[PDB]
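Undergrad: In the authors' numbering, the protein residues as written are 435 to 542. Think of the CB as a built atom: it goes at the ideal place given N, C-alpha and C, for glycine as much as any other residue.
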Amino acid sequence: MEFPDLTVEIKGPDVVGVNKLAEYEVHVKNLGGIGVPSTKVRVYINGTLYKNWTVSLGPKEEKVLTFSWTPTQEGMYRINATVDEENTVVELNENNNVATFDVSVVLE
Numbered sequence: 435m436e437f438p439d440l441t442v443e444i445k446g447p448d449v450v451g452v453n454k455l456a457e458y459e460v461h462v463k464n465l466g467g468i469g470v471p472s473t474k475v476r477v478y479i480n481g482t483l484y485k486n487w488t489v490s491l492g493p494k495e496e497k498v499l500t501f502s503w504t505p506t507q508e509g510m511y512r513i514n515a516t517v518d519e520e521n522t523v524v525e526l527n528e529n530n531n532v533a534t535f536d537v538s539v540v541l542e
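1) Ignore the nearest five residues each way along the sequence and tell me which others in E542's own chain have a CB closer than 7 Å to its CB.
2) Per DSSP, which one or two residues make a beta bridge with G451?
3) As a quick exercise: from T534, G467, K445 and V460, pick the residue whose alpha carbon is nearest that of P493.
4) Taking the CB atoms as reference points, tell me whether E519 and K474 lie closer together than 9 Å.
5) Quick check on DSSP: helix, strand or coil for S472?
6) Can you tell me whether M435 is helix, strand or coil according to DSSP?
7) Quick check on DSSP: helix, strand or coil for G492?
8) Could you tell me which of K485, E436 and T441 sits nearest to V462, measuring between CA atoms?
9) Using DSSP's beta-bridge definition, name the partner residues of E443.
10) Going by C-alpha to C-alpha distance, which of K497, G481 and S502 sits closest to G469?
11) By a C-beta neighbour count over all protein chains shown, 10 Å radius and 16 as the cutoff for buried, is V524 buried or exposed?
Laid out in structure tokens, this is it:
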């Protein structure tokens with residue numbers, strides 16, 4: 435067809451202080467033994483786009499994206515990452531290409 439299985443992962447600190455810089459990583463890999471050149475990985479915070487990357491992935495290839503974020507307001511933040519948001523490639527799984535990560539920001 436052929437139909438890859440793209441997946442993404444969010445990892446990093448769970449609780450961060452206010453007005454402090456934290457580093458997070460996105461782990462994106464192919465699991466369909468076919469490479470996608472069009473592979474776009476994006477990250478949102480509370481629905482709003484924070485950052486984006488365009489990359490290419492070969493068969494069973496993994497790439498690591500990084501970003502650094504300083505939350506200036508205290509509160510709960512939900513960080514989501516998606517790959518192929520625009521749906522340019524049809525995959526073997528469609529729910530297996532999103533990652534949800536919960537962050538708590540404190541004034542501490």
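TA: From the atom records:
1) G451
2) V540
3) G467
4) Remark: C-beta atoms of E519 and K474 approach each other more closely than 9 Å.
5) Under the three-state reduction of DSSP output, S472 falls in the coil class, being neither helix nor strand.
6) coil
7) coil
8) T441
9) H461
10) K497
11) Within a 10 Å sphere around the beta-carbon of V524 sit fewer than 16 other beta-carbons, which makes this residue exposed.
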